[PDB]
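Coordinates for the following, if possible.
(chains A and B, ligands or ions: 4)
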Amino acid sequence: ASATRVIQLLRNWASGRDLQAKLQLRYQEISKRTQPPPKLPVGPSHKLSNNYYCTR
Amino acid sequence: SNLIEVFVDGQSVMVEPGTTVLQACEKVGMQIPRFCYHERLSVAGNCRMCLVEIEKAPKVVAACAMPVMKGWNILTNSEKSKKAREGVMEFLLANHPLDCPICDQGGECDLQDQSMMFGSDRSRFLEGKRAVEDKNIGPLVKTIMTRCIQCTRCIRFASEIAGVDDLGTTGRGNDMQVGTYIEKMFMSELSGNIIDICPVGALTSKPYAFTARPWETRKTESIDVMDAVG
Ligand code: SF4
Ligand code: SF4
Ligand code: FES
Ligand SMILES: [Mg+2]
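Numbers count the residues shown, from 1 in each chain, chains lettered A, B, ... in the order given. Ligands and ions are numbered 1, 2, ... in the order given. The relevant structure is shown in the block below.
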């Protein structure tokens, strides 16, 4: 946050806890809005043999 | 009298001599999967979807063409029968085109439904598909032969029911094609029926094309007045 240190002290004394450690507003620690592409594995029934449907 | 006793999954049935395995199965309410067999046409036996295991026999038999024998126990839901069905469905679908969204047969397709009920749920075919050229047989029957599965139902109907020998197969092997081999209209007073007998979207109605889906339609059972046959 952009609050001055006196206001930080007043907030921490009024609430009784250090508010600057755990802020309600999220600033820059969240994930990027652009992500690399995924790969997404397939599954257990994607075999080429020994995979007759009557057995599963 | 002359009735013989067979068994469907251990249930005794009395049948007339000459009854096939499929008909014996039908008697107890079990419908065998089929593509080439039609009960009003000659027996063909080429599609191989009707293979079923006879107890104590190592080879599966074609239910549509094999007469039953006294004391036979037909196993309609055994491992051998199900594996035969899955293999035949896989072979049928290997070269079939991915046409369901644009195919008029979609929603009332025997291929689709029997793949859902008796086939596998996925593919392992890693090659290219065949594509065949289309044929013109008149303004009534629309033809897309890449969807053909070579059951020869249309040929048998044309020869037997309509009395017209214009339909046949040319080539052999994977290249065998159903058609007339020349530009010729299959024009008969009963020609449109080959749309109904064709199990896939290979033959469709041209006036009906692209207009509706089967699940939308409401069915009203009534009578025809275009002649006095009723
Ligand atoms: S004939 Fe049946 S399986 Fe083939 S594309 Fe048409 S709806 Fe799909
Ligand atoms: S056109 Fe239809 S009825 Fe004729 S052989 Fe092909 S799939 Fe069978
Ligand atoms: S239905 Fe028997 S082989 Fe086709
Ligand atoms: Mg059809």
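
Which residue ranges of the chain form strands?
The chain I'm using is chain A. Using DSSP state E, no strands are assigned anywhere in chain A.

oops, I was thinking of chain B
Per DSSP E, chain B has strands spanning B:4-8, B:11-15, B:51-54, B:61-62, B:73-75, B:141-143, B:168-170, B:177-179, B:203-205. These are given in chain order.

Could you pull up the contacting residues of residue 46?
As the question left the chain open, I've gone with chain A. residue B:122 (C-beta atoms under 8 Å, 6 or more residues apart in numbering or on different chains). In short, each C-beta sits where N, CA and C put it, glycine included.

meant chain B, my bad for not saying
Shown here is residue B:46, whose contacts under the criterion C-beta under 8 Å, 6+ apart are B:36, B:150, B:151, B:152.

And the residues you listed, which is closest to ligand 3?
residue B:36 (3.5 Å; C-beta to the nearest ligand atom).

close enough to count as contact, that closest one and residue B:110?
No: assessed by C-beta atoms under 8 Å, residue B:36 is found out of contact with residue B:110, at 11.0 Å.

higher neighbour count, those two?
For residue B:36 versus residue B:110, neighbours defined as other C-beta atoms under 10 Å in any protein chain shown are more numerous around residue B:36 (23 against 17).

Grab the nearest non-local neighbour of the more buried one.
Counting by C-beta to C-beta, 6 or more residues apart in numbering or on different chains, residue B:47 is the residue found nearest to residue B:36 once chain neighbours are left out, at 3.6 Å.

Verify the contact between the one you found and residue B:32 for me.
No: taking contacts as C-beta under 8 Å, residue B:47 lies outside contact range of residue B:32: 11.6 Å.

what's around residue A:44, how many residues?
As a burial measure, residue A:44 scores 7 neighbours (other C-beta under 10 Å).

swap in residue A:18?
For residue A:18, which is what you asked about, the neighbour count (other C-beta under 10 Å) is 10.

can you pull the contacts of the residue nearest to it when sequence neighbours are not counted?
Distances taken as C-beta to C-beta, 6+ apart place residue A:12 nearest to residue A:18, at 5.5 Å, with adjacent residues excluded. Taking C-beta under 8 Å, 6+ apart as the definition of contact, the neighbours of residue A:12 are A:18, A:19, A:20.

Mind jotting down where the helices sit in chain B?
When assigned using DSSP state H, the helices of chain B occupy the ranges B:21-27, B:79-94, B:110-118, B:153-160, B:193-197.

chain center to the shortest one, what's the gap?
When C-alpha coordinates are averaged (C-alpha atoms, centre = their mean, to the nearest Å), helix B:193-197 and its chain have centres 11 Å apart.

What is the neighbour count of residue 56?
Using chain A here. Around residue A:56 sit 9 other residues, with neighbours defined as other C-beta under 10 Å.

actually it's chain B I care about, not the one you picked
Here the count is done by other C-beta under 10 Å, and residue B:56 has 9 residues near it.

got it, and the one 3 residues further on?
By the measure other C-beta under 10 Å, the count of residues near residue B:59 is 8.

Could you find the closest non-adjacent residue to residue B:123?
For residue B:123, ignoring the flanking residues on the chain, the nearest one in space by C-beta to C-beta, 6+ apart is residue B:93 at 7.0 Å.

quick one: that neighbour and residue B:115 touch, right?
Yes: counting by C-beta under 8 Å, a contact exists between residue B:93 and residue B:115, whose distance comes to 6.5 Å.

More neighbours: which of those two?
Here residue B:93 and residue B:115 are compared on neighbour count by other C-beta under 10 Å; more neighbours surround residue B:115, at 18 against 15.

before we move on, back to that, report the separation between the residue nearest to residue A:18 and residue A:23.
For residue A:12, the distance to residue A:23 under the criterion C-beta to C-beta, to the nearest Å works out to 12 Å.
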